[PDB]
Structure formats: structure tokens, C-alpha cells
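Novice: Here you go, this is upload_33.cif (mmCIF, C-alpha atoms).
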```cif
data_start
#
loop_
_atom_site.label_atom_id
_atom_site.label_comp_id
_atom_site.auth_asym_id
_atom_site.auth_seq_id
_atom_site.Cartn_x
_atom_site.Cartn_y
_atom_site.Cartn_z
CA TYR A 1 28.13 35.43 -7.06
CA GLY A 2 30.06 35.02 -3.82
CA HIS A 3 28.25 37.19 -1.29
CA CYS A 4 25.67 35.35 0.82
CA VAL A 5 22.27 36.88 1.56
CA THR A 6 19.37 35.40 3.53
CA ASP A 7 16.86 37.70 1.83
CA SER A 8 16.51 39.37 5.23
CA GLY A 9 19.00 42.13 4.53
CA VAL A 10 22.11 40.47 5.94
CA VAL A 11 24.55 40.59 3.03
CA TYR A 12 27.06 37.99 4.18
CA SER A 13 30.14 36.96 2.20
CA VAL A 14 31.38 33.65 0.81
CA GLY A 15 32.78 32.38 4.10
CA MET A 16 31.09 34.44 6.80
CA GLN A 17 29.84 31.62 9.04
CA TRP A 18 26.99 32.95 11.18
CA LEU A 19 24.12 31.81 13.40
CA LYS A 20 20.40 31.99 12.64
CA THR A 21 17.36 31.45 14.86
CA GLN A 22 13.83 30.19 14.24
CA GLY A 23 12.01 32.18 16.91
CA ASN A 24 12.38 29.23 19.27
CA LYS A 25 15.20 26.99 18.05
CA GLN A 26 18.89 27.60 17.35
CA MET A 27 20.64 27.06 14.01
CA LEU A 28 24.09 27.92 12.65
CA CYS A 29 23.93 29.18 9.06
CA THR A 30 26.91 29.41 6.72
CA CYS A 31 27.53 30.29 3.08
CA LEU A 32 29.94 27.92 1.34
CA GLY A 33 29.92 28.14 -2.45
CA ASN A 34 26.93 26.32 -3.91
CA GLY A 35 24.66 28.40 -1.70
CA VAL A 36 23.99 28.69 2.02
CA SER A 37 23.66 25.82 4.50
CA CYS A 38 23.23 25.59 8.27
CA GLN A 39 23.45 23.25 11.26
CA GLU A 40 20.19 22.54 13.08
CA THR A 41 20.55 23.04 16.83
CA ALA A 42 24.31 23.51 16.46
CA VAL A 43 24.81 23.00 20.20
CA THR A 44 24.76 19.62 21.95
CA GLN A 45 24.10 17.98 25.32
CA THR A 46 26.80 18.66 27.91
CA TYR A 47 27.81 16.16 30.60
CA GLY A 48 30.42 16.26 33.35
CA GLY A 49 33.60 17.92 32.16
CA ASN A 50 34.41 21.11 34.04
CA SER A 51 30.88 22.47 34.48
CA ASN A 52 29.08 19.16 35.04
CA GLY A 53 26.99 20.08 32.01
CA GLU A 54 25.46 23.52 31.52
CA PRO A 55 24.29 26.08 28.91
CA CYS A 56 27.48 26.74 26.95
CA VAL A 57 28.37 30.30 25.94
CA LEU A 58 28.97 30.22 22.19
CA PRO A 59 29.89 31.22 19.71
CA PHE A 60 33.06 31.61 21.80
CA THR A 61 36.72 32.08 20.90
CA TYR A 62 39.37 29.41 21.42
CA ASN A 63 42.90 29.19 20.02
CA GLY A 64 42.10 32.41 18.18
CA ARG A 65 39.11 31.08 16.25
CA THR A 66 35.39 30.80 17.03
CA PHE A 67 32.97 27.96 17.74
CA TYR A 68 29.17 28.19 17.76
CA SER A 69 29.08 24.79 19.48
CA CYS A 70 31.10 21.95 21.02
CA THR A 71 34.47 21.02 19.54
CA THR A 72 37.58 18.89 20.03
CA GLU A 73 40.22 21.47 19.10
CA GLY A 74 41.49 21.63 22.67
CA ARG A 75 42.44 17.98 23.13
CA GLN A 76 44.05 15.06 21.28
CA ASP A 77 41.50 12.44 22.32
CA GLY A 78 38.34 13.40 20.47
CA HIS A 79 35.97 14.38 23.28
CA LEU A 80 33.60 17.17 22.27
CA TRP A 81 33.55 20.09 24.71
CA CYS A 82 32.04 23.57 24.99
CA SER A 83 32.46 26.76 27.01
CA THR A 84 30.16 28.15 29.71
CA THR A 85 31.96 31.44 30.32
CA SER A 86 32.38 34.14 27.67
CA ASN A 87 35.96 34.17 28.96
CA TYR A 88 37.18 30.58 28.69
CA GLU A 89 40.75 31.81 28.29
CA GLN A 90 40.45 33.31 31.77
CA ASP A 91 38.04 30.98 33.58
CA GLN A 92 38.59 27.77 31.61
CA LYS A 93 35.04 26.72 32.50
CA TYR A 94 34.11 24.17 29.84
CA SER A 95 31.84 21.16 29.39
CA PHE A 96 31.84 17.96 27.33
CA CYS A 97 29.42 16.73 24.66
CA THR A 98 28.11 13.41 23.33
CA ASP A 99 26.42 13.94 19.97
CA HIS A 100 26.78 10.27 19.04
CA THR A 101 28.37 8.06 21.69
#
```
For the structure just supplied, provide its representation as C-alpha cells.

Specialist:
Amino acid sequence: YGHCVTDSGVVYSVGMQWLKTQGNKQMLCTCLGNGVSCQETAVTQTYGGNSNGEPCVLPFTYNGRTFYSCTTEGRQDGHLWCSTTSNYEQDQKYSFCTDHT
């Protein structure tokens, strides 16, 4: 009835995007309306960019929002990129991402 719970105790809320692990793999879990879905891996391969590819540091904050993985909200081209420094608004250290092609 709105609130989202993973049966683990975490009483999320309809729209409290979060991140869940599998004791080895990463996975972003979110509660929409029909239930609770997630994004396997979440992250993506990083090449060149500003960090020549490296372990991003998400979920980070950009433009005032948050991103648990790559994103193209910082450009008008469509190239996926991520952050490698908790402080991207100070360092600007970011990397790109493929995902598809």
C-alpha cells in the first residue's frame, strides 16, 4: 500500500530508490508502484573520459540529484559517464560508459 519493504526490515517508501547487494554482486533496487524492481549490476564499463576508466564512486550527486551508475545528464550528446570522486562538483573526475555501443 505504498511503502516498499524488502522483508529485511528496510521499510522504504513508494519512490525511495536504493541499492541492494547480493554478497558479491551489485544491484540497484527501487519501489515503483506495482511492487519493487531493481537493476542488475547497475554500474557499467568505463573507458577513457576523464579518468581513463576506473571504479566510479556512486551513488553520487550531480545537478542536485543522485545516480547509482553512469548517466548522460551532464551532456547533450548522449555519452554515458560516471564519477570517480565522491566530490565530482569539486574534482570533476568522471569517466565514460558503453553499455551498448

Novice: What's the 10 Å shell around residue A:63, counting only C-alpha atoms, without same-chain residues fewer than 6 positions away, as a list in words?

Specialist: residues 73, 74 and 89 of chain A

Novice: Report, in Å to a single decimal, how far apart atom CA of residue A:36 and atom CA of residue A:96 are.

Specialist: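 Those two atoms sit 28.6 Å apart.
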
Novice: Just the residues within 7 Å of residue A:69, please, counting only C-alpha atoms, with nothing from its chain fewer than 3 positions along; format it as a PyMOL selection string.

Specialist: chain A and resi 42-43+58-59+82

Novice: Can you measure atom CA of residue A:83 to atom CA of residue A:24 for me? One decimal in Å is fine.

Specialist: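 Rounded to one decimal, the two atoms are 21.7 Å apart.
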
Novice: Just say which residues the PyMOL selection byres ((chain A and resi 28) around 12) picks in this file, as number ranges by chain.

Specialist: A: 16-22, 25-27, 29-31, 36-43, 58-59, 67-69

Novice: Translate the PyMOL selection byres ((chain A and resi 47-49) around 8), as applied to the file shown, into an explicit residue set as a ChimeraX atom specification.

Specialist: /A:45-46,50-54,81,94-98

Novice: As an exercise, work out the distance from atom CA of residue A:78 to atom CA of residue A:14 in Å and give it to one decimal place.

Specialist: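 Going from atom CA of residue A:78 over to atom CA of residue A:14 covers 29.1 Å.
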
Novice: From the list A:71, A:84, A:76, A:34, which residue is nearest residue A:55 when using only C-alpha atoms?

Specialist: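 Once distances to residue A:55 are computed over only C-alpha atoms, the minimum belongs to A:84.
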
Novice: Of the residues A:72, A:61, A:15, A:23, which is the one nearest to residue A:87, using all atoms listed in the file?

Specialist: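 Counting all atoms listed in the file, the residue closest to residue A:87 is A:61.
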
Novice: Pick out the residues sitting within 7 Å of residue A:86, and hand them over as an mmCIF file with C-alpha atoms, in the coordinates of the input; count all atoms listed in the file, and ignore anything fewer than 2 positions along from it in its own chain.

Specialist:
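Writing done, so here's result_1.cif:
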```cif
data_model
loop_
_atom_site.group_PDB
_atom_site.id
_atom_site.type_symbol
_atom_site.label_atom_id
_atom_site.label_comp_id
_atom_site.auth_asym_id
_atom_site.auth_seq_id
_atom_site.Cartn_x
_atom_site.Cartn_y
_atom_site.Cartn_z
ATOM 1 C CA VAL A 57 28.370 30.300 25.940
ATOM 2 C CA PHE A 60 33.060 31.610 21.800
ATOM 3 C CA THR A 84 30.160 28.150 29.710
ATOM 4 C CA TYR A 88 37.180 30.580 28.690
#
```

Novice: Take stretch 57-89 of chain A from the block and save it with N, CA, C and O atoms, as a compact mmCIF listing (two decimals), in the first residue's frame.

Specialist:
```txt
# COMPACT_ATOMS: atom_id res chain seq x y z
N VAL A 57 32.34 6.25 -8.32
CA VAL A 57 32.03 6.45 -6.91
C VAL A 57 30.57 6.83 -6.71
O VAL A 57 30.26 7.94 -6.27
N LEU A 58 29.67 5.92 -7.05
CA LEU A 58 28.24 6.17 -6.90
C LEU A 58 27.64 5.32 -5.79
O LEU A 58 28.29 4.40 -5.28
N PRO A 59 26.40 5.63 -5.39
CA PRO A 59 25.63 6.72 -5.99
C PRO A 59 26.17 8.09 -5.61
O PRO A 59 26.36 8.39 -4.43
N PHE A 60 26.41 8.92 -6.62
CA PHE A 60 26.93 10.27 -6.39
C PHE A 60 25.83 11.30 -6.59
O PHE A 60 24.67 10.95 -6.83
N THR A 61 26.19 12.57 -6.49
CA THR A 61 25.22 13.65 -6.66
C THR A 61 25.66 14.62 -7.75
O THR A 61 26.76 15.18 -7.70
N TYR A 62 24.80 14.80 -8.75
CA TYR A 62 25.10 15.70 -9.86
C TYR A 62 23.87 16.50 -10.25
O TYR A 62 22.79 15.94 -10.45
N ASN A 63 24.03 17.82 -10.36
CA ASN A 63 22.92 18.69 -10.73
C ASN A 63 21.92 18.80 -9.59
O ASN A 63 20.87 19.44 -9.74
N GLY A 64 22.23 18.18 -8.46
CA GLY A 64 21.34 18.23 -7.31
C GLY A 64 20.67 16.90 -7.04
O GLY A 64 20.08 16.70 -5.98
N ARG A 65 20.75 15.99 -8.01
CA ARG A 65 20.14 14.67 -7.87
C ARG A 65 21.20 13.62 -7.56
O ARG A 65 22.33 13.95 -7.21
N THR A 66 20.82 12.35 -7.68
CA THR A 66 21.75 11.25 -7.40
C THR A 66 21.73 10.22 -8.52
O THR A 66 20.74 10.06 -9.23
N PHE A 67 22.85 9.51 -8.68
CA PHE A 67 22.98 8.48 -9.71
C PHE A 67 23.80 7.31 -9.20
O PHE A 67 24.98 7.46 -8.87
N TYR A 68 23.18 6.13 -9.15
CA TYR A 68 23.87 4.93 -8.69
C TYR A 68 24.71 4.31 -9.80
O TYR A 68 25.29 3.24 -9.62
N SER A 69 24.77 4.98 -10.94
CA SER A 69 25.55 4.48 -12.08
C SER A 69 25.74 5.57 -13.13
O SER A 69 25.37 6.73 -12.92
N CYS A 70 26.32 5.19 -14.27
CA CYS A 70 26.56 6.12 -15.36
C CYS A 70 25.31 6.95 -15.65
O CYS A 70 24.24 6.70 -15.10
N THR A 71 25.46 7.93 -16.53
CA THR A 71 24.34 8.80 -16.90
C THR A 71 24.77 9.85 -17.91
O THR A 71 25.96 10.18 -18.02
N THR A 72 23.81 10.38 -18.66
CA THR A 72 24.09 11.40 -19.66
C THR A 72 23.34 12.69 -19.36
O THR A 72 22.82 13.34 -20.26
N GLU A 73 23.29 13.05 -18.08
CA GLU A 73 22.60 14.26 -17.65
C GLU A 73 23.56 15.44 -17.55
O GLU A 73 23.20 16.51 -17.07
N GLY A 74 24.79 15.23 -18.01
CA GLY A 74 25.78 16.29 -17.96
C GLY A 74 26.21 16.75 -19.34
O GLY A 74 27.05 17.65 -19.47
N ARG A 75 25.65 16.14 -20.38
CA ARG A 75 25.98 16.50 -21.75
C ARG A 75 24.74 16.48 -22.64
O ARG A 75 23.67 16.05 -22.22
N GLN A 76 24.90 16.94 -23.88
CA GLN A 76 23.80 16.98 -24.83
C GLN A 76 24.08 16.07 -26.02
O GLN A 76 23.46 16.21 -27.08
N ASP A 77 25.02 15.15 -25.85
CA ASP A 77 25.38 14.22 -26.91
C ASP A 77 24.71 12.86 -26.70
O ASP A 77 24.05 12.34 -27.60
N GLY A 78 24.90 12.30 -25.52
CA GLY A 78 24.31 11.01 -25.20
C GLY A 78 25.34 10.00 -24.75
O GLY A 78 25.08 8.79 -24.76
N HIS A 79 26.52 10.48 -24.36
CA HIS A 79 27.59 9.60 -23.91
C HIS A 79 27.49 9.36 -22.40
O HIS A 79 27.59 10.29 -21.61
N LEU A 80 27.29 8.10 -22.03
CA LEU A 80 27.18 7.74 -20.62
C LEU A 80 28.49 7.99 -19.89
O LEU A 80 29.56 7.66 -20.39
N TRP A 81 28.39 8.58 -18.70
CA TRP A 81 29.58 8.87 -17.90
C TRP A 81 29.29 8.70 -16.42
O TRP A 81 28.14 8.79 -15.98
N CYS A 82 30.34 8.44 -15.64
CA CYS A 82 30.21 8.26 -14.20
C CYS A 82 31.25 9.09 -13.45
O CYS A 82 32.09 9.75 -14.06
N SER A 83 31.18 9.05 -12.12
CA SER A 83 32.11 9.80 -11.29
C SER A 83 33.06 8.86 -10.56
O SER A 83 32.69 7.73 -10.23
N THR A 84 34.27 9.33 -10.30
CA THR A 84 35.28 8.53 -9.61
C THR A 84 35.67 9.16 -8.28
O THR A 84 36.41 8.57 -7.49
N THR A 85 35.18 10.37 -8.04
CA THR A 85 35.48 11.09 -6.81
C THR A 85 34.19 11.55 -6.12
O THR A 85 33.39 12.28 -6.70
N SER A 86 34.01 11.12 -4.87
CA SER A 86 32.82 11.49 -4.11
C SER A 86 32.45 12.95 -4.36
O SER A 86 31.28 13.33 -4.29
N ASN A 87 33.46 13.76 -4.65
CA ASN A 87 33.25 15.18 -4.91
C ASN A 87 33.52 15.51 -6.37
O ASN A 87 34.58 16.02 -6.72
N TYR A 88 32.55 15.22 -7.23
CA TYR A 88 32.68 15.49 -8.66
C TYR A 88 32.48 16.98 -8.94
O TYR A 88 32.98 17.51 -9.93
N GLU A 89 31.75 17.64 -8.05
CA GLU A 89 31.48 19.07 -8.19
C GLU A 89 32.70 19.89 -7.78
O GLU A 89 32.70 21.12 -7.90
```
